[PDB]
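Notes follow the structure.
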Amino acid sequence: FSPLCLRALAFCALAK
Amino acid sequence: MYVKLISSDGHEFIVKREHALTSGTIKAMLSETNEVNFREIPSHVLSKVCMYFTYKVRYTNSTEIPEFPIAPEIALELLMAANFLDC
Amino acid sequence: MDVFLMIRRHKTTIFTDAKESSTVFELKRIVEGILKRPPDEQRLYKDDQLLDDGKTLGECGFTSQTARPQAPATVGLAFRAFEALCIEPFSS
């Protein structure tokens, strides 16, 4: 397991 | 060994080359010299990007992975930086 | 155990890590390799407190709970003329 890319993390910070 | 990443407001961030290569854009730009200017990314964003590099390398092929904190008010700028940097 | 740091002077910020049991002097040796000033021409700070060369980073207060990859601790840096400690803030 590796961290998600920063593009996806920034999206999740607003989407979830 | 190290590269220097320069933000739009002139802050210089000195980061291990191996960590900076988390960014596909930095890797391609370095393909030699060790300085890259980011004239559209301000230092409060680029500093957070550099923290991501450190965190990405430290926790690849990890056990539970701690949260990467992203305040809602910078998420869009961070996303646009990560779009440009491909990380 | 690794601690994760930002060493900051003026508009320079070095992202680096070290072991909690390494010493302040060994951290100055890292700064020398990057910025080409020897350890005796450096002062390192936690907030406004000078750090003694013989102390470990853990004894200075840099631990794995306060100095994490996603939230590194800040170490101030001043060079011998010593200049005042001066760290320019990031933008808003």
Side-chain angles (χ1 to χ4, degrees), chain A residues 2-6 8-10 12-13, chain B residues 1-5 11-23 43-72 74-75 78 81-82 87, chain C residues 1-9 12-35 39 42-78 85 87 89-90:
Chain A
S2 292
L4 283 47
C5 67
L6 184 57
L9 289 180
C12 293
Chain B
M1 175 85 253
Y2 287 90
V3 299
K4 174 190 296 193
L5 318 169
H11 277 266
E12 319 194 339
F13 296 90
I14 297 170
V15 170
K16 288 175 185 176
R17 179 182 197 267
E18 151 195 1
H19 295 196
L21 293 179
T22 304
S23 157
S43 57
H44 72 276
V45 176
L46 194 52
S47 62
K48 195 71 152 161
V49 169
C50 290
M51 298 175 197
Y52 177 78
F53 295 162
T54 314
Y55 164 92
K56 186 47 158 62
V57 168
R58 163 66 182 91
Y59 288 113
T60 55
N61 298 326
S62 201
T63 165
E64 290 169 289
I65 287 165
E67 221 64 34
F68 191 79
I70 298 179
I74 53 89
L78 202 47
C87 66
Chain C
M1 180 51 205
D2 289 314
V3 296
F4 298 89
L5 310 174
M6 289 186 290
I7 304 171
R8 304 197 56 208
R9 164 188 184 271
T12 298
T13 295
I14 298 166
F15 279 80
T16 195
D17 50 271
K19 290 149 213 153
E20 201 174 308
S21 55
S22 58
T23 69
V24 165
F25 176 84
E26 284 171 319
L27 190 59
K28 293 176 169 184
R29 199 60 103 175
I30 288 172
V31 170
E32 167 179 37
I34 298 171
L35 298 179
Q42 301 177 36
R43 283 171 170 183
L44 301 185
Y45 290 81
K46 185 170 146 55
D47 305 314
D48 65 349
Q49 298 304 304
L50 274 167
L51 304 177
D52 292 320
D53 282 357
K55 315 238 289 190
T56 65
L57 301 182
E59 287 162 353
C60 290
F62 302 113
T63 76
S64 326
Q65 291 60 73
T66 51
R68 303 139 94 200
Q70 71 274 18
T74 293
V75 180
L77 162 68
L85 173 61
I87 301 167
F90 301 141

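In what follows, every chain begins at residue 1, and chains take the letters A, B, ... in the order their sequences are listed.
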On a heavy-atom basis, which atom in [X] and which in [Y] lie closest, and how many Å separate them?
X        : Y        : result
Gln70(C) : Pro72(C) : C-CD, 3.9 Å
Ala75(B) : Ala10(A) : O-CB, 3.6 Å
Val24(C) : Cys60(C) : CG2-SG, 3.6 Å
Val49(B) : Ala81(B) : CG2-CB, 4.1 Å
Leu5(B)  : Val3(B)  : CD2-CG2, 3.9 Å

Spatial distance of atom [atom1] ([X]) from atom [atom2] ([Y]) [nearest 0.5 Å]:
X        : Y        : atom1 : atom2 : result
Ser2(A)  : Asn61(B) : OG    : CG    : 4.5 Å
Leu85(C) : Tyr45(C) : CG    : OH    : 5.5 Å
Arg58(B) : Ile65(B) : CZ    : CD1   : 9.0 Å
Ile34(C) : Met1(B)  : CD1   : CE    : 8.0 Å
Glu12(B) : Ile14(C) : CD    : CD1   : 10.5 Å
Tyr59(B) : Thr54(B) : OH    : OG1   : 11.0 Å

Quick one: are [X] and [Y] in side-chain contact, heavy atoms under 4.5 Å?
X        : Y        : value
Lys48(B) : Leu78(B) : yes
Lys46(C) : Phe62(C) : yes
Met51(B) : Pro69(C) : no

Aromatic plane relationship, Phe68(B) with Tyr52(B) - under 30° parallel, 30 to 60° tilted, over 60° perpendicular: perpendicular
Geometric cation-pi criterion, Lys4(B) with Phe13(B): 6.0 Å, 45°: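 Geometry flag: not set, cation outside 6.0 Å or 45°.
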Donor-acceptor pair, side chain of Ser22(C) and main chain of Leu27(C), under 3.5 angstrom: no
Modelled atom types, side-chain donor and acceptor of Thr74(C) and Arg8(C), under 3.5 Å: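 Absent: no donor and acceptor within the cut-off.
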For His11(B), all residues meeting ring-ring contact (aromatic ring centres under 6.0 Å, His included), sequence neighbours excluded: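 Partners of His11(B) by the ring-ring contact (aromatic ring centres under 6.0 Å, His included) criterion, ordered by chain and then number, come out as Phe90(C).
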Worked check of salt bridge (charged side-chain N to carboxylate O under 4.0 Å, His left out) between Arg29(C) and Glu32(C): CA-CA 5 Å; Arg29(C) 199 60 103 175; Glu32(C) 167 179 37; 2.7 Å; yes
Worked verdict on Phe15(C) versus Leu5(C) for side-chain contact (heavy atoms from CB on, under 4.5 Å): CA-CA 6 Å; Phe15(C) 279 80; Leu5(C) 310 174; over 6 Å; no
Going by atom type alone, with no hydrogens or angles, which donor-acceptor pairs under 3.5 Å involve a side-chain atom of residues 48-58 of chain C and a protein atom two or more places apart or on another chain?
from: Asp53(C); atom 1: OD1; to: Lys28(C); atom 2: NZ; distance (Å): 2.7
from: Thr56(C); atom 1: OG1; to: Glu59(C); atom 2: N; distance (Å): 3.0
from: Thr56(C); atom 1: OG1; to: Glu59(C); atom 2: OE1; distance (Å): 3.4

Please table the atom pairs, donor to acceptor, closer than 3.5 Å between any side-chain atom in residues 14-23 of chain B and protein atoms at least two apart or in another chain.
from: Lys16(B); atom 1: NZ; to: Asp17(C); atom 2: OD1; distance (Å): 2.6
from: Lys16(B); atom 1: NZ; to: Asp17(C); atom 2: OD2; distance (Å): 3.3
from: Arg17(B); atom 1: NH2; to: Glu32(B); atom 2: OE2; distance (Å): 3.1
from: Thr22(B); atom 1: OG1; to: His19(B); atom 2: O; distance (Å): 2.7
from: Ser23(B); atom 1: OG; to: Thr25(B); atom 2: N; distance (Å): 3.2
from: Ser23(B); atom 1: OG; to: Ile26(B); atom 2: N; distance (Å): 2.9
from: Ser23(B); atom 1: OG; to: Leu85(B); atom 2: O; distance (Å): 2.7

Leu77(C)/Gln42(C) under side-chain contact (heavy atoms from CB on, under 4.5 Å): CA gap, chis, key distance, verdict: CA-CA 7 Å; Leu77(C) 162 68; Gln42(C) 301 177 36; 4.0 Å; yes
